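Visitor: this is the structure alone, sequence omitted:
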């Protein structure tokens, strides 16, 4: 009847399976019901040979990072009190320093757990929900929110040191980026297509720079650029655009170092010399830090709804929405290897440390990978 | 090139009408100028339009062809990923209520449940722009006077199909209504105004309550003719003590006078037949509720598919209004006005049919005429009625009718006779209250009968009159001549539209003869439908309808069989055959009289027994009770809900008809009709749709309970009733 | 003629409470009278500079009450004559 | 379909307007002023000799036709 | 439905279809000639033909809309007199909803609104284009239609006289004396205001209308 008159703009076939080497799923665990029908950023974290997995129910799950063995764990969901039991809508990734592991939520709460035990150490009702990954700075925590506001919090007990409004458009895509803390400054990006830098105190600025090209009258062409956490090396910042353009920038001023063709991106990483980037067409490509000059570009994961990439074990790797992982060469853009791991949905970003590759798929399960 | 054509491929789930409009809103039109460059502006604008309708993932492709004079056809082809689906709805800073409670009141939804696929979760900013106020009104009703929507936010997934909305809030706190103060140019109405305003100071302050208090103040001033008051509402807020001392401030304006009453529409209705349905008079002070009662009277008359009122201020002068009653006439001006034709076409092989007219567009001094003619069984039944519901302009009414009936009892449950009756009525209606009527009238009837089959339920009456025909025979004659008081009563209030949604209708109609007439039964009938809008808004409705009847002989002379209550008319209870329900007749034996051996005449001892013999004929019964409980629903189609307003309804029909004079001890061998204990139930769906004729109805119903007499057809088409 | 039947409480003309009436004073110009009572719902077709006010009610089949209030002006539209009558009776 | 097959100019309504009322005047006596005859509803003394819609060629006038 | 021959040929077959009274196919062909050649030199001619082609075949609302379109797009043109005349004739005939009443039904008080629109638009015509070939027909229509309006207002004044809304009655009949007093319906209506004034007991006012109507016995 009508089923065939509806349409689905194509999501392209899977590329070359044949590989330089084969990876394997060294271990995996269930974490929750999780990202479910519900897209949000909740990648896990790793430190101290322990994986701080966390999942959207509100469950937090430390795992011994070599094993599908378990470490302290809690649910932060509302104690039901003869009312409607509400899941935390746990969100904004996972971050660890010192005595605490900090995790946002899609409601007012950011929860700090301890690293020593599963108890919530401090919780703070930040200004709108903590979609962004929290980041540490040796005594601060810095956060950004669905309402575009940035918050800075005091790492012992969660009191807000300062707030800043970064403005929002109608039809944002997230109202989310992590702050990045480099050369002593914060850099953050906001869905109006702006990136702003602050002096680590008082909420007072180093600059704003505005990345807002194409300027299409329709909001859907003009979701307004950055959500992706900007990053810095040598005080050279990088920022990038859902539509609009990637750019390298100064940090000391906000001056553009250079600007690049790269829209259709929500996800990237860098290294000591290069940019690696993924796309909403799910093209994947590499550039130099100077000038942002294209090192290589390839497109065989077209519309694969890929994750953010990471540099892992001397290759690139990326997650793929049918549950795959693709390993890609540093300099060639060829596929190095591929695997199927998830079977339920996978666009939440990879995490890599201690030579472990970790992902949390949708359907609330974590997989650990090695090659 | 001129765009000598434009062609559209796909465009699923968006109406072509808004696309056709959006082309013009984008500066492209049929026969406009074009070039291959401009197509890039056209297609992105259509993407922008689809983006603007929530088709955020959409894409457009544009195809251009030269016609032989190099004129161009622009075909347009349309691509989608199923757009604006919503992952989440989220509310932040909230403490007072879990967000499921709030979103349950949104028109938006997060997860359309396995329990119900009705509705959807496609976001639309037009819906959100209302739903934020549904949130705000919920919180103000609960009473959080300092509630603010803080920088409300919408976020859409990096795959452009997904959406979720986050409404940050500060709830503040819920405040009690510790004071109300009302001041201004009240024209002395304070003694009523504050009696709207009465509250216990501990009651909860409430945005809905203050909204209705404002509307009620505008209603009171409407009543007394302050039609366009300024009405202002301001809380004094004690945040420290968390209470509202509410203030309402009113400047009544002038007392408006209705300079003209204007009816626009009415193209068949003489202006008189709308203007007599006014309560509020031109050339008098307005009463807003009086005008609304006029609107309700125009609805109750039913001649109008819509009735709308603009109390337009007069140009060039203050404090005068014209009340424009815009109307749209039902039946679209079709000739012969409201018109009747029917076929009772159902599962039965034979059928009954009907014809007629009634609308007051007729001759002379402008009396109405309405005529009806029918066949059922082998009957002929036909009547003239002549009517003036405003015999004078008080709305005292006249109606007289002259009617002829013949029955030839070839089955159709028609008990075996030849029966004729021809009759007149003259009636005067008094409206004795705004929602009421009374009726008083002469009646006459001449009833003459032949071929009379001896029939207990009939013949018990006949011999309690005397001059019965012979039993053991059928070539049998009887006659009666009658003069009567015909009398009745009504209460009517219906928020009618055309098919009512609210209010009650009750009609009571009865008679008694003049003394010593060839009958002296009294007869009473009552008829009712009460309508209620479910959720108190008129679109979703439940109905309860009842009929009741009695007749018993005054000084003997029980009610004649030829006027008993039939039921099982498809108007009265569906599924049962038009006359079938209640008592079934029992014949006395005869071998035959006036009989054809090639043809069937029941309980002839040459075809049947020689002892008191049932048939599935029904003579109705002398007493009746009927109910329908009925559940009203629309039905979308290419004739969609709004464009055609087709009504359909489930119903629990219930019926019982019986004979309070059944001698259950004497004619005892048979089902006891003295008691209603054979109640009947049928469960049914009926569908009503309207045409240059009138309202057609298709009905389905089969019994829930069915007794031996209960002849039935599981569907029947029918038309009219009109009242 | 008349019978007991629900003649629907017909109002006619204008509202004339005492506190509205006593606003009239012979010095008034029509621009003032028009907000003293509200505008006159009746006026002379035949070209006398005259205004007519009726407060009339008919609370059913029984009872009729009427104030006539006739205002006539100097041709300038400045008032000169006032007449108030509660209605007579007769048929 | 059905049609009267001739005289395609006619009113679909009735011809009657051409006879159904004289322009019957009204003449107030001395001392009275008849109220002002109110603008748009006044109509001229027309030339007269123009045709009447019994016989007028209601066929829409011809523009100059060319390309 | 219709070929895309050269526009002169499509027009020739439109012309012919109208003269044949092939009204339905004619309307479809004029609509196609409009849509396929909306800006060409025939556009005005096509708009006039559309107006007639809606008015005949009694597609009156579409005629009224095509008239609006013509005036909006071409507020100056030698035959705008014909467009306003068609505005008139359309709104006039829009009262005469069917022939079934011919044996006696007085329609004069069914609805004023379209009669009043017809009148005011014929007024614009007769005042603006008195040299038109339509002007006499316009005037005869205006006289009838003005008396028809007066009949509707008189029907309202009758109703209110029978209800006894005597302020309503006087105000209506004074309205008729300001607007279109030179009508038979008003000359018959004035006794009804005399009655209205005298029932309202203002005999010193009523005698003025009594003297007026007595002086209009002749």
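Guide: Good, I have the coordinates. Numbering: from 1, shown residues only, chains lettered A, B, ... in the order given.

Visitor: who are the packing partners of the top helix by length along chain C?
Guide: Determined from DSSP state H, the single longest helix within chain C is helix C:30-36. Applying 3 or more Cβ pairs under 8 Å, 6 or more residues apart in numbering or on different chains; DSSP states H and E, we find helix C:30-36 packed against strand C:78-86. In this view, the C-beta of every residue, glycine as well, is placed from N, C-alpha and C.

Visitor: just the buried residues of the strand it packs on, please?
Guide: residue C:79 (16 or more other Cβ atoms under 10 Å in any protein chain shown).

Visitor: wait, isn't residue B:339 in contact with residue B:695?
Guide: No: taking contacts as Cβ atoms under 8 Å, residue B:339 lies outside contact range of residue B:695: 11.0 Å.

Visitor: show me where the stretch 201-350 of chain A has strands.
Guide: For the stretch 201-350 of chain A, applying DSSP state E, counting those that start in this stretch gives strands covering A:205-210, A:231-233, A:236-239, A:247-250, A:256-259, A:267-270, A:274-278, A:284-288, A:294-298, A:310-312, A:315-319, A:324-328, A:335-340.

Visitor: partner strands of the fifth one, parallel or antiparallel?
Guide: Right, the one you point to is strand A:256-259. Strand A:256-259 pairs in its sheet with strand A:247-250 (antiparallel), by DSSP bridges.

Visitor: gap between the partner strand and the chain center?
Guide: Relative to the chain's own centre, strand A:247-250 is displaced by 20 Å; criterion: Cα atoms, centre = their mean, to the nearest Å.

Visitor: state the distance from residue B:274 to residue B:299.
Guide: 12 Å (Cβ to Cβ, to the nearest Å).

Visitor: apologies, that question was intended for residue B:21.
Guide: 33 Å.

Visitor: so which of those two has more stuff around it?
Guide: Between residue B:21 and residue B:299, counted using other Cβ atoms under 10 Å in any protein chain shown, the more crowded position is residue B:299 (22 against 12).

Visitor: just the element for the more buried one, please.
Guide: If you go by DSSP states H and E, residue B:299 is part of helix B:288-301.

Visitor: helices of the stretch 1-150 of chain B, start to end?
Guide: B:16-25, B:38-52, B:99-105, B:125-142 (DSSP state H, counting those that start in this stretch).

Visitor: for residue E:50, phi and psi?
Guide: phi -60, psi -50 (degrees, to the nearest 10).

Visitor: does it touch residue E:66 like I think?
Guide: Yes: under the criterion of Cβ under 8 Å, residue E:50 makes contact with residue E:66 at 4.7 Å.

Visitor: coming back round to it: deepest of the helices of the stretch 1-150 of chain B, which one?
Guide: Burial of the helices of the stretch 1-150 of chain B is given as mean neighbour count (mean count of other Cβ atoms under 10 Å in any protein chain shown); helix B:38-52 ranks first at a mean of 19.

Visitor: what does that one rub up against?
Guide: Contacts to helix B:38-52, defined as Cβ atoms under 8 Å, 6 or more residues apart in numbering or on different chains, come from residues A:216-221, B:14, B:19, B:22-23, B:25-26, B:28, B:34, B:58-62, B:64, B:74, B:76, B:78, B:80, B:83.

Visitor: could you flag which of these are buried?
Guide: Using 16+ other Cβ under 10 Å, the buried ones in those are A:216, A:218-221, B:14, B:19, B:22-23, B:28, B:34, B:58-60, B:62, B:64, B:74, B:76, B:78, B:80, B:83.

Visitor: how close does residue A:185 get to chain D?
Guide: 73 Å (Cβ to the nearest Cβ, to the nearest Å).

Visitor: that residue - how many residues pack around it?
Guide: Residue A:185 has 20 neighbours, counted by other Cβ under 10 Å.

Visitor: next one: phi and psi at it?
Guide: Note on residue A:185: its backbone torsions stand at phi -120, psi 150 [degrees, to the nearest 10].

Visitor: my guess is it contacts residue A:195. True?
Guide: No: in this structure, residue A:185 is not within contact of residue A:195 by Cβ under 8 Å, at 11.7 Å.

Visitor: give the contact list for the most centrally placed residue in chain E.
Guide: The centre of chain E sits closest to residue E:118, judged by Cα atoms, centre = their mean, with a distance of 2.4 Å. Residue E:118 makes contact with E:87, E:88, E:89, E:90, E:91, E:92, E:94, E:95, E:141, E:145, according to Cβ under 8 Å, 6+ apart.

Visitor: where's the second one, which helix or strand?
Guide: Here residue E:88 sits within helix E:80-93, counting by DSSP H and E.

Visitor: how about the residue in chain D that chain C sits nearest to, nearest residue that isn't a chain neighbour?
Guide: Residue nearest to chain C within chain D (Cβ to the nearest Cβ): residue D:33, separated by 2.9 Å. The shortest distance from residue D:33 to any non-neighbouring residue, by Cβ to Cβ, 6 or more residues apart in numbering or on different chains, is to residue C:47 (2.9 Å).

Visitor: neighbours of residue B:608, how many?
Guide: 16.

Visitor: let me see the contact set for it.
Guide: Residue B:608 is in contact with residue B:602, counting by Cβ under 8 Å, 6+ apart.

Visitor: please state the offset of the helix or strand harbouring residue E:16 from the chain centre?
Guide: Residue E:16 belongs to helix E:7-20 when assigned by DSSP H and E. Distance of helix E:7-20 from the chain centroid (Cα atoms, centre = their mean) equals 29 Å.

Visitor: buried residues in that helix, which are they?
Guide: Those would be E:7, E:10, E:11, E:13, E:14, E:15, E:17, E:18, for helix E:7-20 by 16+ other Cβ under 10 Å.

Visitor: please apply the same query to stretch A:132-151.
Guide: By neighbour count on 16+ other Cβ under 10 Å, the buried set for stretch A:132-151 is A:132-137, A:140-151.

Visitor: enumerate the residues of chain C near chain D.
Guide: Residues of chain C found near chain D (Cβ under 8 Å from any Cβ of the partner chain) are C:45, C:46, C:47.

Visitor: buried subset of the residues you listed as a PyMOL selection?
Guide: To isolate the buried members of the residues of chain C next to chain D in PyMOL, using 16+ other Cβ under 10 Å:
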select buried, chain C and resi 45+46
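
Visitor: give me the element the residue of chain C found nearest chain B is part of.
Guide: Using Cβ to the nearest Cβ, the single residue of chain C nearest to chain B is residue C:11, 3.8 Å away. Element membership for residue C:11, per DSSP H and E: strand C:10-13.
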